[PDB]
Structure formats: C-alpha cells, structure tokens
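What follows is the residue order along each chain.
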Amino acid sequence: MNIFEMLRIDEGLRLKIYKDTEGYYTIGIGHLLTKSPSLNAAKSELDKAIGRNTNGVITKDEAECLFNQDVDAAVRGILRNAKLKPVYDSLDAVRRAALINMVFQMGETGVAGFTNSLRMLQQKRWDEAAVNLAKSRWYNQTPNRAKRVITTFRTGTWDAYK
Ligand SMILES: *SCC1=CC(C)(C)N(O)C1(C)C
Ligand SMILES: [Cl-]
Ligand SMILES: [Cl-]
C-alpha cells in the first residue's frame, strides 16, 4: 500500500465529468475542475488541463496523468507551507500519506486550518488527535473516508484500507 493506491481507493476513477460530494465538476481520480456551476466552464478547464478538445471524456492514461500531477502538487504544497511542513517532517511514512490524503481532498489552506489537530499530531498524541479531527465539517460530510484517514493517523498502519 502507498499514497497512490490509498487515494485511488478514496477517490475512485471516472472517465467522464461528474459532480463530487460537494456538487463540483470533477474528473478522473478526484481532479477538481471548477467550482462554477457551468458545465461549459468545466469542459473548458478540462480541455486546458489535457491539451485537446475532450468533449468531457478522457482516457485512463490521461486520468492517471492528472493524478500524478495532483499528488506531486499536494506533496510540494505541504513542503512549501509553514504550518504543514513541520508536521509532515515529524511524521512516519504511513502518517505522512494520511496528511497528503487530506491535502489532496480539501487543499493546503483547508488542512492548515486544523490548528489544534496539527499540534496534537506533532506531539504524537494519536488518540487525542483522532478525536479532534472528527469534530469537523470534513468528518460529518464524508464520514467513511474521514474514518479511514483518521484511523491511519491513530494507528500508523494501513489497516483501514485492507
Ligand atoms: S502527465 C504526463 C502525461 C501522460 C500522458 C497521458 C502520456 N500524456 O499525454 C502526458 C505526457 C501529458
Ligand atoms: Cl491542472
Ligand atoms: Cl465518505
């Protein structure tokens, strides 16, 4: 198990434009296209991201291309952020993947707002962090995915994904 397989489980794979849990236009492996309600705006972003006239449908290779770019962007967003980098540096390899997962889903600014959870993770207070992480809109809106990520933070194992 690794971060690519983990996010592939959490995000799924769809080759046609769809709406995510929030109603935003998305494609591939959780690649957010736009938060605008216009399908034409989403098709325009898609063509721009892929470099061709797609008409809303991409191939599996194109979906994995965006996926690689998005995982790379998430990791580099963590390392550039003054609040996230110290937490990431303090974590073991499995818990680092859990932090990448969160950044992938809600963005670098959103995760950096979990000020109290991040401090508990840095102090390695795993049970207390898990309780604090669940007191969030994130947990209430996507509870099954949040539980898997929180369990990864709590245990340091991949057991939630087996
Ligand atoms: S993101 C790299 C990528 C993969 C593939 C689908 C082969 N592509 O057209 C590019 C080179 C963009
Ligand atoms: Cl992009
Ligand atoms: Cl869920």
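What counts, and at which threshold
- Residues numbered from 1 in each chain as written, not as in the entry; some residues may be left out.
- Chains lettered and ligands numbered in written order.
- Heavy atoms only, no water.
- Salt bridge = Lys/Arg side-chain N within 4 Å of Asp/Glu carboxyl O.
- Helix = DSSP H or I, 4+ residues; strand = E, 2+ residues; numbered from the N terminus.
- Buried < 20%, exposed > 50% of the residue type's maximum accessible area, 1.4 Å probe, protein only.
- Near = heavy atom within 4 Å.
- Areas by Shrake-Rupley, 256 points an atom, 1.4 Å probe, with all protein chains shown as cover.
- Arc of directions from axis to C-beta.
- Contact = heavy atoms within 4.5 Å.
- Axes fitted to C-alpha atoms, helices over the stretch in contact; angles between N-to-C directions.
- Parallel < 35°, antiparallel > 145°, perpendicular 65-115°, else oblique.
- Left-handed = near helix turned anticlockwise from the far one by under 90°.
- Nonpolar A, V, L, I, M, F, W, Y, C, P; charged D, E, K, R; others polar.
- Pairing = 2+ DSSP bridges.

Method of structure determination, per the deposited record: X-ray crystallography was used for this entry, reaching 2.0000 Å resolution.

Peer 1: Tell me about the pattern of salt bridges, residues and numbers included.
Peer 2: A pair can form between side chains of opposite charge whenever their charged atoms are brought close. One pass over the full model with this rule turns up 11 salt bridges. The residue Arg145 makes a salt bridge to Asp10 at a minimum N-O spacing of 3.9 Å. Of this pair, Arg145 sits in helix α9 (residues 143-155) while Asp10 sits in helix α1 (residues 3-11); the two residues are 135 residues apart in sequence, bridging distant segments of the chain. On the basis of relative accessible area, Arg145 is assigned to the buried category, the value being 9%. Residue classification places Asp10 among the buried positions, given a relative accessible area of 12%. Between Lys48 and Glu45 there is a salt bridge; the shortest N-O distance is 2.8 Å.

Peer 1: So what about the site of ligand 1? Which residues, and what values?
Peer 2: Around ligand 1, the neighbouring residues are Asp61, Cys65 and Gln69. In isolation ligand 1 exposes 350 Å². Once the protein is present, 35% of that is buried.

Peer 1: Could you give me a rundown of helix α7 (residues 126-134), with the residues and numbers involved?
Peer 2: Of the residues making up α7, those classed as buried are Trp126, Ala129, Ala130 and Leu133. Burial along α7 is one-sided: seen end-on, the buried residues are contained in an arc of 100°. Structurally, α7 contributes buried residues whose contacts are with α5 (93-112), α6 (115-122), α8 (137-141) and α9.

Peer 1: Before we move on, can you summarise the packing of α6 against α7 with the specific residues and values?
Peer 2: At a minimum axis separation of 8 Å, α6 and α7 run at an interaxial angle of 165°. Classed by the angle they form, the pair α6 and α7 counts as roughly antiparallel. Regarding α6 and α7, the two cross each other, and that crossing is left-handed. Seen from α6, the contacting residues are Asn116, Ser117, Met120 and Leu121; seen from α7, they are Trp126, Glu128, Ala129, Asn132 and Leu133. Of the residues in the contact of α6 with α7, the class split is five nonpolar, three polar and one charged.

Peer 1: Explain the pairing of strand β1 (residues 14-19) residue by residue, including any values.
Peer 2: Here three bridges tie β1 to strand β2 (residues 25-28), and the two strands are oriented antiparallel to one another. Note that in β2 the partner of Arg14 across the bridge is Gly28. Between β1 and β2, which pair antiparallel in sequence order, lie five residues; one of them, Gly23, sits at a positive phi of approximately 85°.

Peer 1: Account for the packing of α5 against α9, naming residues and giving values.
Peer 2: Viewed as axis vectors pointing N to C, α5 and α9 meet at an angle of 150°, and their least axial separation amounts to 8 Å. Taken together, the axes of α5 and α9 lie roughly antiparallel to each other. When you trace α5 past α9, the crossing you get is left-handed. Here α5 contributes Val94, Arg95, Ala98, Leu99, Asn101, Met102 and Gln105 to the contact with α9, which in turn contributes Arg145, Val149, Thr152, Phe153, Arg154 and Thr155.

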